Amino acid sequence: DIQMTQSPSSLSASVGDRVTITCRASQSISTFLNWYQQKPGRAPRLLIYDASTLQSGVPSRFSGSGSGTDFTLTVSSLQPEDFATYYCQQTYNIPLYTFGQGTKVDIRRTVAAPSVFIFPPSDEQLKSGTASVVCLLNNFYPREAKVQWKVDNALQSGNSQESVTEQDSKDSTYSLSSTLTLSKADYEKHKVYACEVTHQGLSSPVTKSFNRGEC
Amino acid sequence: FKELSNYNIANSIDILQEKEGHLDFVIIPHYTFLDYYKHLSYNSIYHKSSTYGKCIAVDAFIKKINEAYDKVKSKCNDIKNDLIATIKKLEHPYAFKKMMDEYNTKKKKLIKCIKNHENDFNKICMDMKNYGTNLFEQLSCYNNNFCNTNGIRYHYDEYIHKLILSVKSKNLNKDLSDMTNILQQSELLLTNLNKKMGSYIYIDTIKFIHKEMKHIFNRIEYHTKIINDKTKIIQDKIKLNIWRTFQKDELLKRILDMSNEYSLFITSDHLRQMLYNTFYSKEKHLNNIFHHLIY
Amino acid sequence: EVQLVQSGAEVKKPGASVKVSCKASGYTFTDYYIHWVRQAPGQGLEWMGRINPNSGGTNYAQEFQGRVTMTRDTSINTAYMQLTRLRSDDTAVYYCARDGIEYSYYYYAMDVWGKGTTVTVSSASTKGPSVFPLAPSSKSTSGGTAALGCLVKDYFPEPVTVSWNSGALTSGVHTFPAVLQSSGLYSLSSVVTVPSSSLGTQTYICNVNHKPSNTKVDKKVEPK
């Protein structure tokens, strides 16, 4: 029943920065707290065990610290090869609690706004009796973004599932897609189909919206 | 848990004459084994205050278990005391091969006679494994995620802490250091007597007393080394095991782990204290056989 | 060297079961605890349980108590983790790891990991992507760039590999990772953005491929 909270869950860091990831235990846990790196689609790598000892062979920029509730992982000079999600794990009580959400380490410098493009549901899909109204936040930053669907000024929820790309190795932007699935019976009951999008880069909500008139 | 297995049950024994005429033997693994389950039993009852009261009953059973085991090892009295008086010839011969052979025989008969009762002992030890293990299986918590380590704390405080600090207050490395000078002397006094110096008698005996003392010192070296270890281990460990909660299984793991650590610790400290005595018991008899600094 | 080796990806239906393996090689098996940490798609790590290769003792998180069952065979140095009563959400990557850094007597770290096993929970059987075109939309104020795409819906299993104009067009190409919908069938879109000048000129055809169903449907996209 030990809840590990990492602060920032997601953050942005340019190379050569210092990066300090925090991790708080719900109760005192001594220095029984390990740190893991995990590169996108890889096995976790053990960096720091026991709060501040460093696993053989690991680059010495990673330095664990803290005690009791608050722990810190510190990368001296963040490198390219460090662009991972990091996880902290308490071992103080042995159902080893699920490591805290882990933290995301982007690049940075962008504050790029998303180019919003709305797509209606295909001719040929609708005869089939689905209506998946898709939207594209193209090449934006940072990843944190919020997109909501509004049909005829109705807020909607749940019958939408969103995907997002990985950071582009060049350019370093995330794109996002949200898809609203409806029953064609649903879709042929309403008119205004709106794709409302907030982001650190849109001073005001951007909303892309067609009428079923389409035309 | 801890089981008993095979072991060549010849060298799993030690024969120790604290004072002149008060000789006894050990059976290391038994003593570990019994102690192991003595702690467990305590830990089991102290984990709640709802069942601290068992101390009297447990003291009872443990008092008995030893009074039972002691009675069994008694069956080897008239064979043990057959050794004693053979020792007394060795440690007071005021011929030799015969007094040696007599020691080796009377000793081996004492070993055998013990080994003979290998199964009479096991029943006592299994009865102890029973009692200790029957509790422990009784050890219930109020909330399994979040069990209380005051059980282990009180048990550490009372029964153990007293003995740790005893070992810290006694500088056992001094103890060793001194004995190794004692042997140095015996050795110097023996090298003196060697040489062509015609040939004074008894020297055979001295050699034997010295040889014996060496083996004792080497045993004391060993148990001492284990003691100093476990001291640090026990002390480190106990810190981690108190003033906190545990998951029922992790707890049980701890207690057993400690029940183990303590047992090994004590067994050693015990044998050490016995051996230590037996060391100087020989020193006196060796010193006696001199008569004075130089006849 | 020191190695953890897990079984190949499995796929199982709602309310089946699933066994996955973890062959320990290099070290003595029964020394160090072996642990099973899973990871939902695009989610954190998640500890399920452990098993002492030596004893056979098991500790499970309480989330998986009565569902998971961990075992091991010491002939082969393999540790197992059988889940049951499977569910959509059980879809994850099951890792196994080695507590072999004992740092405080009872306290260990997971030093070695296996690369980890993809368990999918679907109920869907091999089905082909119904490709629909995404009809051109011009930028923020018709601004120079236009994005158009191909939705690749209701398929199973993964993977899918979209290209554009027969591997020609690579620039602006975002084929999104695939949600696995409450259908049990995946969806993804692919999109590209391109000059609004090149509509009448350039012909935009997406190139879907779905090797598991040997479906390779192409689909023209043209504005309307």
# chains A, B, ... in the order shown; residues from 1 in each chain; ligands from 1

call {"tool": "residues_around", "arguments": {"residues": "region 82-84 of chain A", "least_positions_apart": "3", "cutoff": "8 Å", "atoms": "only C-alpha atoms", "output": "list in words"}}
result
residues 37, 38, 39, 40, 78, 79, 104, 105, 106 and 107 of chain A

call {"tool": "interface_residues", "arguments": {"of": "chain A", "to": "chain B", "cutoff": "10 Å", "atoms": "only C-alpha atoms", "output": "ChimeraX atom specification"}}
result
/A:1,28-30,92-95

call {"tool": "residues_around", "arguments": {"residues": "residue 277 (chain B)", "least_positions_apart": "3", "cutoff": "8 Å", "atoms": "only C-alpha atoms", "output": "VMD selection string"}}
result
chain B and resid 17 to 19 273 to 274 280 to 281

call {"tool": "select_by_dssp", "arguments": {"residues": "chain A", "states": "helix (DSSP H, G or I)", "output": "PyMOL selection string"}}
result
chain A and resi 80-82+123-128+187-189

call {"tool": "write_last_selection", "arguments": {"atoms": "N, CA, C and O atoms", "output": "compact mmCIF listing (two decimals), in the first residue's frame"}}
result
# COMPACT_ATOMS: atom_id res chain seq x y z
N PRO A 80 21.77 12.76 -25.67
CA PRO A 80 20.90 12.10 -26.64
C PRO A 80 20.39 10.75 -26.16
O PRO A 80 19.18 10.51 -26.09
N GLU A 81 21.33 9.89 -25.76
CA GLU A 81 21.04 8.48 -25.53
C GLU A 81 20.25 8.29 -24.24
O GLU A 81 20.16 7.16 -23.76
N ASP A 82 19.67 9.36 -23.69
CA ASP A 82 19.04 9.30 -22.39
C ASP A 82 17.57 9.70 -22.48
O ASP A 82 16.93 9.92 -21.46
N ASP A 123 -17.52 8.38 -47.53
CA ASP A 123 -18.66 7.90 -48.29
C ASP A 123 -18.88 6.42 -47.98
O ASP A 123 -19.93 6.05 -47.45
N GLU A 124 -17.85 5.61 -48.26
CA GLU A 124 -17.99 4.16 -48.32
C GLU A 124 -18.09 3.56 -46.91
O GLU A 124 -18.66 2.47 -46.78
N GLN A 125 -17.58 4.25 -45.88
CA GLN A 125 -17.70 3.79 -44.51
C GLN A 125 -19.16 3.84 -44.05
O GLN A 125 -19.63 2.90 -43.41
N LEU A 126 -19.87 4.93 -44.41
CA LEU A 126 -21.19 5.23 -43.89
C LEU A 126 -22.25 4.24 -44.36
O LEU A 126 -23.09 3.82 -43.57
N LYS A 127 -22.19 3.84 -45.64
CA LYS A 127 -23.07 2.79 -46.13
C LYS A 127 -22.92 1.54 -45.26
O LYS A 127 -23.88 0.79 -45.10
N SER A 128 -21.70 1.31 -44.74
CA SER A 128 -21.40 0.21 -43.83
C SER A 128 -22.02 0.44 -42.46
O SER A 128 -22.16 -0.52 -41.70
N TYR A 187 -24.99 9.47 -36.59
CA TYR A 187 -24.36 10.49 -37.40
C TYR A 187 -25.37 11.18 -38.31
O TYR A 187 -25.14 12.33 -38.68
N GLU A 188 -26.47 10.49 -38.66
CA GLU A 188 -27.50 11.06 -39.51
C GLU A 188 -28.65 11.63 -38.67
O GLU A 188 -29.77 11.75 -39.17
N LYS A 189 -28.36 11.99 -37.41
CA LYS A 189 -29.30 12.68 -36.53
C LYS A 189 -28.82 14.11 -36.24
O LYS A 189 -29.59 14.90 -35.71

call {"tool": "residues_around", "arguments": {"residues": "region 212-221 of chain C", "least_positions_apart": "5", "cutoff": "10 Å", "atoms": "only C-alpha atoms", "output": "number ranges by chain"}}
result
C: 125-136, 148-152, 155-166, 203-207

call {"tool": "write_last_selection", "arguments": {"atoms": "N, CA and C atoms", "output": "compact mmCIF listing (two decimals), in the first residue's frame"}}
result
# COMPACT_ATOMS: atom_id res chain seq x y z
N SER C 125 -10.60 -12.66 -34.66
CA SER C 125 -9.79 -13.53 -35.50
C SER C 125 -9.29 -12.73 -36.70
N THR C 126 -8.30 -13.28 -37.43
CA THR C 126 -7.65 -12.57 -38.51
C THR C 126 -8.71 -11.93 -39.40
N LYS C 127 -8.67 -10.59 -39.51
CA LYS C 127 -9.62 -9.81 -40.29
C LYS C 127 -8.86 -8.72 -41.03
N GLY C 128 -9.39 -8.31 -42.18
CA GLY C 128 -8.67 -7.43 -43.10
C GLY C 128 -9.06 -5.97 -42.90
N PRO C 129 -8.10 -5.03 -43.05
CA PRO C 129 -8.39 -3.62 -42.85
C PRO C 129 -9.32 -3.07 -43.91
N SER C 130 -10.45 -2.49 -43.49
CA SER C 130 -11.31 -1.75 -44.40
C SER C 130 -10.78 -0.33 -44.53
N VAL C 131 -10.01 -0.07 -45.61
CA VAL C 131 -9.40 1.24 -45.86
C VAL C 131 -10.46 2.20 -46.40
N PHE C 132 -10.55 3.38 -45.78
CA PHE C 132 -11.36 4.47 -46.28
C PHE C 132 -10.43 5.66 -46.51
N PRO C 133 -10.66 6.48 -47.57
CA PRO C 133 -9.83 7.66 -47.82
C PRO C 133 -10.24 8.81 -46.92
N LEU C 134 -9.27 9.64 -46.54
CA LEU C 134 -9.53 10.84 -45.76
C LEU C 134 -9.44 12.05 -46.70
N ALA C 135 -10.62 12.63 -46.99
CA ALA C 135 -10.80 13.58 -48.08
C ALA C 135 -10.12 14.91 -47.78
N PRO C 136 -9.09 15.32 -48.57
CA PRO C 136 -8.36 16.57 -48.34
C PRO C 136 -9.06 17.71 -47.60
N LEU C 148 -4.19 15.03 -45.88
CA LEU C 148 -5.11 14.02 -46.36
C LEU C 148 -4.51 12.66 -45.99
N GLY C 149 -5.35 11.63 -45.95
CA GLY C 149 -4.94 10.41 -45.28
C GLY C 149 -5.83 9.23 -45.64
N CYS C 150 -5.52 8.09 -45.01
CA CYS C 150 -6.27 6.85 -45.15
C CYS C 150 -6.47 6.20 -43.78
N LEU C 151 -7.74 6.10 -43.38
CA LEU C 151 -8.13 5.35 -42.20
C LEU C 151 -8.05 3.86 -42.52
N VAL C 152 -7.38 3.09 -41.65
CA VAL C 152 -7.22 1.66 -41.83
C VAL C 152 -7.86 0.95 -40.64
N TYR C 155 -9.19 -4.07 -38.20
CA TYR C 155 -8.32 -5.16 -38.60
C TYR C 155 -7.82 -5.87 -37.35
N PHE C 156 -7.12 -7.00 -37.57
CA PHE C 156 -6.57 -7.85 -36.53
C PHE C 156 -5.86 -9.01 -37.21
N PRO C 157 -4.65 -9.45 -36.78
CA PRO C 157 -3.90 -8.82 -35.70
C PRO C 157 -3.09 -7.65 -36.25
N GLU C 158 -2.18 -7.11 -35.43
CA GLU C 158 -1.11 -6.27 -35.93
C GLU C 158 -0.04 -7.17 -36.55
N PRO C 159 0.91 -6.63 -37.34
CA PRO C 159 1.00 -5.20 -37.63
C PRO C 159 0.35 -4.79 -38.95
N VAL C 160 0.32 -3.47 -39.19
CA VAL C 160 0.02 -2.92 -40.49
C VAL C 160 1.16 -2.00 -40.90
N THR C 161 1.45 -1.92 -42.22
CA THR C 161 2.51 -1.07 -42.74
C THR C 161 2.01 -0.25 -43.93
N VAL C 162 1.66 1.01 -43.66
CA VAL C 162 1.23 1.94 -44.69
C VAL C 162 2.47 2.59 -45.30
N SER C 163 2.39 2.88 -46.61
CA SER C 163 3.27 3.82 -47.28
C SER C 163 2.42 4.76 -48.14
N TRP C 164 3.07 5.71 -48.85
CA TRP C 164 2.34 6.56 -49.77
C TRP C 164 3.06 6.65 -51.12
N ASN C 165 2.24 6.57 -52.18
CA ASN C 165 2.66 6.61 -53.58
C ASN C 165 3.76 5.57 -53.81
N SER C 166 3.50 4.33 -53.36
CA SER C 166 4.39 3.19 -53.55
C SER C 166 5.79 3.46 -52.97
N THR C 203 -1.29 12.70 -57.59
CA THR C 203 -2.30 11.70 -57.25
C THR C 203 -1.85 11.02 -55.96
N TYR C 204 -2.72 11.05 -54.95
CA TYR C 204 -2.38 10.53 -53.63
C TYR C 204 -3.10 9.21 -53.41
N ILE C 205 -2.28 8.15 -53.30
CA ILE C 205 -2.72 6.78 -53.07
C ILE C 205 -1.96 6.24 -51.87
N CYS C 206 -2.69 5.77 -50.85
CA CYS C 206 -2.06 5.15 -49.70
C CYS C 206 -1.91 3.65 -49.94
N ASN C 207 -0.86 3.08 -49.35
CA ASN C 207 -0.44 1.73 -49.66
C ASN C 207 -0.48 0.92 -48.37

call {"tool": "interface_residues", "arguments": {"of": "chain C", "to": "chain A", "cutoff": "9 Å", "atoms": "only C-alpha atoms", "output": "short mmCIF file (atom, residue, chain, number, x, y, z; two decimals) with C-alpha atoms, in the first residue's frame"}}
result
data_model
loop_
_atom_site.label_atom_id
_atom_site.label_comp_id
_atom_site.auth_asym_id
_atom_site.auth_seq_id
_atom_site.Cartn_x
_atom_site.Cartn_y
_atom_site.Cartn_z
CA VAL C 37 6.31 -6.97 -14.42
CA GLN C 43 1.50 2.80 -19.95
CA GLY C 44 3.73 2.40 -16.88
CA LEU C 45 5.36 -0.74 -15.49
CA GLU C 46 3.15 -2.89 -13.28
CA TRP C 47 4.37 -5.50 -10.77
CA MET C 48 2.38 -8.73 -10.75
CA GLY C 49 4.32 -11.09 -8.54
CA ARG C 50 7.51 -13.03 -7.85
CA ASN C 59 4.22 -13.41 -3.87
CA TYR C 60 1.65 -11.66 -6.08
CA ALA C 61 0.39 -8.10 -6.10
CA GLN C 62 -3.16 -8.17 -4.78
CA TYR C 95 8.42 -8.66 -18.77
CA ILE C 101 21.21 -7.01 -6.46
CA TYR C 103 21.36 -4.22 -1.27
CA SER C 104 20.10 -4.52 2.28
CA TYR C 107 16.24 -5.63 -0.17
CA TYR C 108 16.89 -6.37 -3.85
CA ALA C 109 16.87 -4.65 -7.26
CA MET C 110 15.74 -6.10 -10.63
CA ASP C 111 19.14 -6.12 -12.29
CA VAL C 112 18.45 -8.34 -15.32
CA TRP C 113 15.30 -8.12 -17.49
CA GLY C 114 13.93 -10.16 -20.37
CA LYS C 115 12.99 -8.24 -23.54
CA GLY C 116 9.41 -9.16 -22.72
CA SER C 130 -11.31 -1.75 -44.40
CA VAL C 131 -9.40 1.24 -45.86
CA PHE C 132 -11.36 4.47 -46.28
CA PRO C 133 -9.83 7.66 -47.82
CA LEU C 134 -9.53 10.84 -45.76
CA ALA C 135 -10.80 13.58 -48.08
CA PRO C 136 -8.36 16.57 -48.34
CA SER C 137 -8.66 19.50 -45.91
CA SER C 138 -6.60 22.71 -46.39
CA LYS C 139 -4.46 24.24 -43.60
CA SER C 140 -5.19 26.85 -40.95
CA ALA C 146 -3.11 20.34 -47.00
CA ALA C 147 -3.43 17.14 -44.98
CA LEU C 148 -5.11 14.02 -46.36
CA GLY C 149 -4.94 10.41 -45.28
CA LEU C 151 -8.13 5.35 -42.20
CA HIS C 174 2.28 10.22 -39.98
CA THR C 175 0.74 6.78 -39.74
CA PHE C 176 -0.58 6.77 -36.19
CA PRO C 177 -0.02 3.79 -33.84
CA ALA C 178 -3.11 1.65 -33.63
CA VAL C 179 -5.69 1.73 -30.89
CA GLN C 181 -10.84 -0.73 -29.98
CA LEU C 188 -5.19 3.51 -37.18
CA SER C 189 -5.11 6.46 -39.57
CA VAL C 191 -1.99 11.07 -42.86
CA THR C 193 0.49 16.84 -45.46
CA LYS C 224 -14.48 16.14 -52.32
#

call {"tool": "residues_around", "arguments": {"residues": "residue 176 (chain B)", "least_positions_apart": "5", "cutoff": "12 Å", "atoms": "only C-alpha atoms", "output": "ChimeraX atom specification"}}
result
/B:170-171,181-183,214,216-225,272-273,275-276,279

call {"tool": "write_last_selection", "arguments": {"atoms": "C-alpha atoms", "output": "PDB file, in the first residue's frame"}}
result
ATOM      1  CA  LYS B 170      34.189  -8.137  25.876  1.00  0.00           C
ATOM      2  CA  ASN B 171      36.991  -7.592  23.360  1.00  0.00           C
ATOM      3  CA  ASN B 181      50.515 -15.457  23.349  1.00  0.00           C
ATOM      4  CA  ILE B 182      49.649 -18.262  25.847  1.00  0.00           C
ATOM      5  CA  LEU B 183      50.421 -20.764  23.103  1.00  0.00           C
ATOM      6  CA  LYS B 214      45.962 -25.291  19.613  1.00  0.00           C
ATOM      7  CA  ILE B 216      40.848 -25.436  20.933  1.00  0.00           C
ATOM      8  CA  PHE B 217      42.261 -22.007  20.010  1.00  0.00           C
ATOM      9  CA  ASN B 218      41.517 -22.731  16.330  1.00  0.00           C
ATOM     10  CA  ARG B 219      37.943 -23.615  17.252  1.00  0.00           C
ATOM     11  CA  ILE B 220      37.720 -20.409  19.304  1.00  0.00           C
ATOM     12  CA  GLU B 221      39.187 -18.467  16.372  1.00  0.00           C
ATOM     13  CA  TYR B 222      36.336 -19.896  14.300  1.00  0.00           C
ATOM     14  CA  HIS B 223      33.372 -19.348  16.616  1.00  0.00           C
ATOM     15  CA  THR B 224      34.781 -15.911  17.456  1.00  0.00           C
ATOM     16  CA  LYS B 225      34.901 -14.945  13.758  1.00  0.00           C
ATOM     17  CA  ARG B 272      33.295 -20.015  22.617  1.00  0.00           C
ATOM     18  CA  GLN B 273      32.574 -19.504  26.327  1.00  0.00           C
ATOM     19  CA  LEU B 275      36.033 -23.580  24.795  1.00  0.00           C
ATOM     20  CA  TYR B 276      37.573 -20.517  26.432  1.00  0.00           C
ATOM     21  CA  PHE B 279      41.436 -23.550  27.024  1.00  0.00           C
TER      22      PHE B 279
END

call {"tool": "select_by_dssp", "arguments": {"residues": "region 76-287 of chain B", "states": "strand (DSSP E or B)", "output": "PyMOL selection string"}}
result
chain B and resi 145-148+245-247

call {"tool": "closest_residue", "arguments": {"among": "B:144, B:194, B:153, B:211", "to": "chain C", "atoms": "only C-alpha atoms"}}
result
B:144

call {"tool": "atom_distance", "arguments": {"atom1": "CA of residue 117 (chain B)", "atom2": "CA of residue 79 (chain B)"}}
result
13.3 Å

call {"tool": "closest_residue", "arguments": {"among": "B:69, B:290, B:1, B:136", "to": "chain C", "atoms": "only C-alpha atoms"}}
result
B:1

call {"tool": "residues_around", "arguments": {"residues": "region 22-33 of chain B", "least_positions_apart": "5", "cutoff": "8 Å", "atoms": "only C-alpha atoms", "output": "ChimeraX atom specification"}}
result
/B:2-4,12-17,80,84,125,263-264,266-267

call {"tool": "closest_residue", "arguments": {"among": "B:180, B:5, B:148, B:205", "to": "residue 243 (chain B)", "atoms": "only C-alpha atoms"}}
result
B:148
